[PDB]
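Some notes on the structure that comes next.
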Amino acid sequence: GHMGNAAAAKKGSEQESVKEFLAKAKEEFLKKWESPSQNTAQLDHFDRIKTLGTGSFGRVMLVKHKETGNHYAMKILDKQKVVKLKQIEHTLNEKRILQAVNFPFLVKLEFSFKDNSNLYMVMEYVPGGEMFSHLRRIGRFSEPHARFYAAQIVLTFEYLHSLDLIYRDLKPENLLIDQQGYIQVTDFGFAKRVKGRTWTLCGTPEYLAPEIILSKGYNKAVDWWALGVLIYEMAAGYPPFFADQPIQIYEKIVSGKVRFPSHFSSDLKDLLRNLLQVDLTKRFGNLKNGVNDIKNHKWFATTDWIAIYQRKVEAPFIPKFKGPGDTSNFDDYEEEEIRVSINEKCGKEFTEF
Amino acid sequence: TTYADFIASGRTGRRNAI
Ligand SMILES: Nc1nccc2cccnc12
């Protein structure tokens, strides 16, 4: 076969060890998803410095903890706008999952709290900027470079899915680069605990799996489809399905046709054809062999999965950082003043936060 | 080229969720 007796023995043992790790990981997770944390700080504990990113319902800002001096990234969401966009469930999901997970490539939540106007989630500051920025700047990553990042997503999804969590917003915009050149997954706005299927239409058009577009109930296989889009985008410089109107994007996605740049390796196209597989019963990550159809694919043959997890692998690049409060790896956004209303807003909607 | 068509499109910036 493709493996001799030595590699076959090592790989099987590795698989048993993954199962042992994941069972332990699920135990630790279940405690915090039953008994979340709440009210861990307050706004005046923090000096606010600069906006690191903006979204429809709030912003993320660099902040400094006054007593610690440590820098943090503070996500501020306007409670009324969240209610307005029917994002209450999603916001409560984000906080409760973030406080309960623990993995080297998942951003760590330090504090969370709320006031009359806003919800606050205070995360570890990841200074190297979004993959989005580095990718657009360089154009495309080499295959070894894309593979290093993709390997981190494969492991993160294996962990999340074993906890019955789906992520649902994979894209370069949500992947931060830390000081050692490794990925931090940020923004769990659409992450959700799911044991069977879930049904909300959400995500980003370019990354939506066909079953989301066709209004079916879906499961963790949409994350594996989204990994296929991510690897394509990283290696090509553009995603496999794009158009000026989302409806044209959706039409390309469901057609079950994808074209590849001529510089893609055959190993890469074979993996992507198996991830970008419209048929749910044939998509890699969703078969009897689970994530091992991905981890054992030829394109990942040079990947040392344990070494990646243990962060022993040299990164393709280290972001340039000239000091702990340096935001040069982030774009500049218009600053607005944080106003905290005299009256409590949407107090009942967010009782659990 | 496909890349030029991409930069020419309105989908090269940060993509809002749906
Ligand atoms: N934890 C973070 N660190 C730095 C920048 C970030 C931008 C958006 C969301 N989270 C972030």
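Computed over heavy atoms, backbone and side chain alike; hydrogens, waters and symmetry mates excluded. In what follows, every chain begins at residue 1, and chains take the letters A, B, ... in the order their sequences are listed.
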Problem set entry | Step-by-step side-chain contact (heavy atoms from CB on, under 4.5 Å) determination, A:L287 to A:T281 | CA-CA 7 Å; A:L287 314 184; A:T281 107; 5.9 Å; no
- Task: Begin from the C-alpha positions of A:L119 and A:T91 and carry the test side-chain contact (heavy atoms from CB on, under 4.5 Å) through to its verdict.
- Result: CA-CA 9 Å; A:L119 315 161; A:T91 313; 3.6 Å; yes
Subject >> Derivation and outcome, side-chain contact (heavy atoms from CB on, under 4.5 Å), residues A:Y125 and A:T327 >> reply: CA-CA 10 Å; A:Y125 172 56; A:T327 51; 3.6 Å; yes
Task: side-chain hydrogen bond (donor to acceptor under 3.5 Å, both in side chains) between A:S328 and A:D326, intermediate numbers included - done: CA-CA 6 Å; A:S328 58; A:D326 187 357; 3.0 Å; yes
Show your working on side-chain contact (heavy atoms from CB on, under 4.5 Å) between A:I231 and A:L275 and close with a plain yes or no. CA-CA 10 Å; A:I231 296 172; A:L275 293 170; 4.2 Å; yes
(request) Run the numbers on A:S37 and A:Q99 for side-chain hydrogen bond (donor to acceptor under 3.5 Å, both in side chains), then give the verdict. (result) CA-CA 7 Å; A:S37 265; A:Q99 58 92 34; 4.8 Å; no
(Q) Please determine whether salt bridge (charged side-chain N to carboxylate O under 4.0 Å, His left out) holds for the pair A:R136 and A:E130, giving the CA-CA distance in whole Å, both sets of side-chain angles, and the decisive distance to 0.1 Å. (A) CA-CA 10 Å; A:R136 294 279 181 271; A:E130 305 171 350; over 6 Å; no
Note to self: A:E158 vs A:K295, test: salt bridge (charged side-chain N to carboxylate O under 4.0 Å, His left out). Steps then yes/no.
What the structure shows: CA-CA 10 Å; A:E158 176 177 48; A:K295 283 158 73 146; 2.8 Å; yes
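Relative orientation of the B:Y3 and A:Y238 rings is tilted, given thresholds of 30° and 60° on the angle between their planes. Ring geometry, A:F111 versus A:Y72: the interplanar angle exceeds 60°, so the pair is classed perpendicular (tilted spans 30 to 60°). Below 30°, between 30° and 60°, or above 60°: for A:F113 and A:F46 the angle between ring planes is below 30°, a parallel geometry. Using cut-offs of 30° and 60° on the angle between ring planes, the pair A:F105 and A:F103 is perpendicular. Between A:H145 and A:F141, the angle of the ring planes stays under 30°, which puts this pair in the parallel group of the 30/60° scheme.
A cation-pi arrangement is found for A:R311 relative to A:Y182, the charged atom lying closer than 6.0 Å to the ring centre and inside a 45° cone about the ring normal. For the pair A:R147 and A:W299, the cation-pi test (distance below 6.0 Å, angle within 45°) is passed. With A:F353 as the aromatic partner, A:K95 meets the cation-pi criteria of under 6.0 angstrom to the ring centre and within 45 degrees of the ring axis.
A salt bridge is defined here as a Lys NZ or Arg NE, NH1 or NH2 lying under 4.0 Å from an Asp or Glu carboxylate O, and A:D164 with A:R193 meets this definition. Here A:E349 does not pair with A:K79 in a salt bridge; the nearest charged N to carboxylate O distance is not below 4.0 Å. Look at A:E344 and A:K114 and you find no salt bridge, because none of the NZ, NE, NH1 or NH2 atoms lies under 4.0 Å from a carboxylate O. Between A:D331 and B:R14, at least one side-chain N (NZ, or NE/NH1/NH2) sits under 4.0 Å from a carboxylate O, which counts as a salt bridge.
When every heavy atom of A:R283 is checked against every heavy atom of A:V278, the shortest pair comes out as NH2-O, 3.4 Å. Nearest heavy atoms, A:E206 versus A:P239: CG-CG, 4.0 Å. The shortest heavy-atom contact between A:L52 and A:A73 is CD1-CB, 4.2 Å. Nearest approach of A:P172 to A:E233, heavy atoms of both residues: CG-OE2, 3.8 Å. The two residues A:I183 and A:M131 come nearest to each other via the heavy atoms CD1-CE, 3.6 Å. Heavy-atom minimum distance, A:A243 versus A:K252: CB-CE, 4.2 Å.
Note: A:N93 CG to A:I166 CD1 = 11.5 Å, rounded to the nearest 0.5 Å. Rounded to the nearest 0.5 Å, atoms CG (A:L106) and OG1 (A:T186) are 10.0 Å apart. The structure places CG of A:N296 at 11.5 Å from NE2 of A:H2, a figure rounded to the nearest 0.5 Å. Rounding to the nearest 0.5 angstrom, the gap separating the CD1 atom in A:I153 from the CG atom in A:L160 is 9.5 Å. Here the CG atom belonging to A:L98 is positioned 13.5 Å from the CZ atom belonging to A:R96, to the nearest 0.5 angstrom. Note: A:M74 CE to A:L43 CG = 5.5 Å, rounded to the nearest 0.5 Å.
Ring to ring, A:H161 and A:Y167 are not that close: their centroids are 6.0 angstrom or more apart. Between A:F300 and A:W305, a ring centre-to-centre spacing shorter than 6.0 Å is recorded. Here A:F284 and A:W224 keep their ring centres 6.0 angstrom or further from each other.
Side-chain contact annotation: A:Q277 with A:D279, donor-acceptor N/O pair under 3.5 Å absent. Under 3.5 Å, the side chains of A:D169 and A:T204 contain a donor-acceptor pair of N or O atoms. Donor-acceptor pairing under 3.5 Å is lacking for the side chains of A:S117 and A:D115. Side-chain polar atoms of A:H297 and A:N274 form no donor-acceptor pair below 3.5 angstrom.
You'll find the side chain of A:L175 reaches within 4.5 Å of the side chain of A:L170, heavy atoms only. Side-chain contact between A:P261 and A:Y232 is present, with at least one heavy-atom pair separated by less than 4.5 Å. Residues A:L62 and A:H71 are in side-chain contact: their nearest non-hydrogen atoms beyond the backbone lie under 4.5 Å apart. Residues A:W33 and A:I97 are in side-chain contact: their nearest non-hydrogen atoms beyond the backbone lie under 4.5 Å apart. Considering only heavy atoms from C-beta on, A:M61 stays 4.5 Å or farther from A:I49 through its side chain. Side-chain contact between A:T198 and A:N219 is absent, with no heavy-atom pair separated by less than 4.5 Å. Between A:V229 and A:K171 there is no side-chain heavy-atom pair separated by less than 4.5 Å. Side-chain contact between A:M123 and A:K108 is absent, with no heavy-atom pair separated by less than 4.5 Å.
Of the possible polar contacts, none joining the A:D78 side chain to the A:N118 backbone as a donor-acceptor pair under 3.5 Å is found. Within the 3.5 Å criterion, the main-chain N or O of A:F148 finds a donor-acceptor partner in the side chain of A:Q152. Distance alone, capped at 3.5 Å, places no donor-acceptor pair between the A:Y159 side chain and the A:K26 backbone. A donor-acceptor pair under 3.5 Å is absent between the side-chain atoms of A:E94 and the main chain of A:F190, judged by distance alone. A donor-acceptor contact shorter than 3.5 Å links the side chain of A:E173 to the backbone of B:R15. Side chain of A:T51 to main chain of A:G53: no donor-acceptor pair is present (N/O by atom type, distance under 3.5 Å, no hydrogens or angles). With A:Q184 contributing its side chain and A:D178 its backbone, the two residues share no donor-acceptor pair below 3.5 Å.
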